[PDB]
């Protein structure tokens with residue numbers, strides 16, 4: 001649903017904000033869907049707790 005690459009929204013460590021939105025994949029033509037997207041395990045997901053410090057929350 002973005003850059004027709006592979007979801008591109010699982011990498012938590014990438015702080016995938018998307019404030020202005022991805023706005024891409026505007027060439028839709030090849031129905032086939034990438035297979036490399038079968039591995040959404042790519043996500044450290046560990047800085048979400050450290051970055052939550054919010055300093056003396």
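Here, residue 1 is simply the first one shown, and the rest follow in order.
Per the header: solution NMR.
Placed from the backbone N, Cα and C atoms, the Cβ positions cover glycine too.
These come from Swiss-Prot:
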TOPO_DOM  3-57  topological domain 'Cytoplasmic'
REGION    11-57  region 'Disordered'
REGION    25-42  region 'NUMB-binding region'
DOMAIN    28-55  domain 'ITAM'
REGION    29-36  region 'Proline-rich sequence'
MOD_RES   38  phosphotyrosine
MOD_RES   49  phosphotyrosine
Residue pair residue 38 (phosphotyrosine), residue 49 (phosphotyrosine) - Cα distance, angstrom, rounded = 27
The topological domain 'Cytoplasmic' (3-57): DSSP-derived helix, strand, coil residue counts = 13 helix, 0 strand, 42 coil
Same chain, |i - j| six or more, Cβ under 8 Å of residue 49 (phosphotyrosine); the result in sequence order is none
